[PDB]
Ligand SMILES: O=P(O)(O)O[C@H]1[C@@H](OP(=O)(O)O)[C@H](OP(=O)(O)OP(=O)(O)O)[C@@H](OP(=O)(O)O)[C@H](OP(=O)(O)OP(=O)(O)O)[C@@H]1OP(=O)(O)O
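The chain below stands alone and is given in structure tokens; this is the form deposited without the ligand.
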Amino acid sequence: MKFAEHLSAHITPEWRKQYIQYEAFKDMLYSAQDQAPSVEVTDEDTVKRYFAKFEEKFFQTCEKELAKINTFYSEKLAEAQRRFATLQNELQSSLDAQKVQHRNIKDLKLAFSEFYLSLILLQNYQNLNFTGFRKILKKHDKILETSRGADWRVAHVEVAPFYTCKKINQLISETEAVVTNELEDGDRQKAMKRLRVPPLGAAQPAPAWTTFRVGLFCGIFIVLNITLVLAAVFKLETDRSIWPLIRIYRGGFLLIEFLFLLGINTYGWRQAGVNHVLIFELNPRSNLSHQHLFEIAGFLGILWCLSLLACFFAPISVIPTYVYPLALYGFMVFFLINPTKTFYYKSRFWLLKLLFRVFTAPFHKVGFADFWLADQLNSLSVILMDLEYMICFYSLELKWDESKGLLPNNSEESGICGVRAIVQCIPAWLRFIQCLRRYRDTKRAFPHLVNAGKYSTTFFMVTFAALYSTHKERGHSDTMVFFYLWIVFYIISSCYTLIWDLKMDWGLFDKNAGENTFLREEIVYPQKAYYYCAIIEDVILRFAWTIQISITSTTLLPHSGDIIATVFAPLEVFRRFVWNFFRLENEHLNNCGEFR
């Protein structure tokens, strides 16, 4: 509960291999002390010899660590000096060409903010490495009852060209002078507000009020869920179709679950070290922690349960029950498109810019955030089918003349209410067109043309499912050829998406696995059982995702298809939750998508 965990939490994740390696030294010291011979059953000269050999070993490995740190610091400082040179040349060129321009100035501001962050990170590297050297030499002096630790400290560590190099501080002062004089016309307060680096990474605890709001929204949600179960068992009339209600309130629940699991994903990414900040292109001084995602999910789930309870209980008699789902989803939309500057404005508007860039995306160049949201839409595809069902049900099947709305006595439609497939492929189409744009951009046909057929398989599966459904509904003869076609494309799609998940989305099953059998060379998440369980769960849940797509866009299994979809949709959201971890891990470790 000291500098070991302080070091693990304050390490820059991409430079983890070039730090002090505190725990190795600690284990070396403890093992040396443990296997020390006796003091009177053995010879004292042998004890002196053993302790001298251990001292030699310790100082050899300490010299190796110091050399590593010096090499890394020299490389990084040279890089920063070159970056400052080119940035000053760019600013000089832009400002003398000044006598568009706004975009140029914004990009210069952003480049100077990222140059400052690298300097701050290198400074923190220096500080942590020096403090780790002092603490471990102190532990050596304490464990062995000697003074060679502080001797080696004063002799070697405080001469090293990484503790005596006051060149990063000059660079920081120079950068501040540049940003203040040439980019802000004085006004150092505004420059430093843009340049100052808050304690980042796993090194910040969320405000107590955010955690209290998480806990408050979670308790209300829990009690309202208990109340929903009790009101479903004891208050729903036993002569009405509750299935329209289930279909309407299914998409909201999937959204709440997705936000909860995204919060858990953010916690795992922040803890294991894989920084979604650099991959998503978020600014490192302001991100959403897992607490904010948990709070958003809890609020939206509170609203969901309140609307469902109002549907079950019908509190007031003037307003019919179909207003409650409308109200819930209208508030959900008004939360997202809130034009004021309140309630997570930066996050919501980043998300809206992303949604405009994924729903119109043969024209925008694909980043990682444009790809992850279009991949997450594949799991949240039942939300679009729920929206289409809500529109169809309110336009064609709701009476509007009786307060008892969503729950009708007995009546149906042709299927359930063509355009129930198109709205299943929509996200597959987005990802297909994005992969095509990426191929056109990079001209590298392997990762992009492959992974475009990955979604053409979904296209073909939905098409042939719908064809066989309509042909078995009207009792035709060429129905069997279509059933075999659908089964072959189901197998093809399941294996295609399964191989891509494990091979070049997660990186697993590589030739250089080493001792991590069937895994990557370097794993980030602690337990090895996490990866094997994830493999098994993805194998199970990937096959029971194409089945749901086939059964949602069809008319077969009318009674059991809805139970199937209701059970399998949160399972698919959980599958995407599991997929996020290892996709993000294999993007930090190896560009898997060639972004960056």
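C-alpha atoms forming the largest set that superposes within 1.5 Å between two forms make up the rigid core. Only residues modelled in both forms are compared. All residue numbers refer to positions in the sequence shown, first residue = 1.
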| query | finding |
| --- | --- |
| Third-or-more of other entries without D401 | yes |
| Check: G415 without coordinates in a third or more of other entries | yes |
| Count class of deposited residues lacking coordinates, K99 to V100 | 10 or more |
| Chain break class at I242/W243 - deposited residues not modelled | none |
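Form solved in complex with the ligand: not shown, discussed below.
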item	value
Contact at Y22, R134 and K139 by the ligand in the entry with it bound, all three, heavy atom at most 4.5 Å	yes
Of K346, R82, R440, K167, the one that lies within 4.5 Å of the ligand in the entry with it bound (heavy atoms)	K346
Interface residue in the entry with it bound among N89, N283, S173, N127, criterion: non-hydrogen atom within 4.5 angstroms of the ligand	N283
Any non-hydrogen atom of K365 within 4.5 angstroms of the ligand in the entry with it bound	no
Non-hydrogen atom contact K190 with the ligand in the entry with it bound at 4.5 angstroms	yes
Interface membership of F3, the ligand in the entry with it bound, 4.5 Å heavy atom rule	yes
4.5 angstroms heavy atom contact with the ligand in the entry with it bound for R194	yes
In the entry with it bound, segment of 513 to 521, 159 to 167, 338 to 346, 67 to 75 with a heavy atom within 4.5 Å of the ligand	338 to 346
Shifted regions of at least three residues between the shown form and the other one, judged by C-alpha displacement of 2 Å or more after core alignment	2 to 34, 48 to 94, 104 to 192, 194 to 198
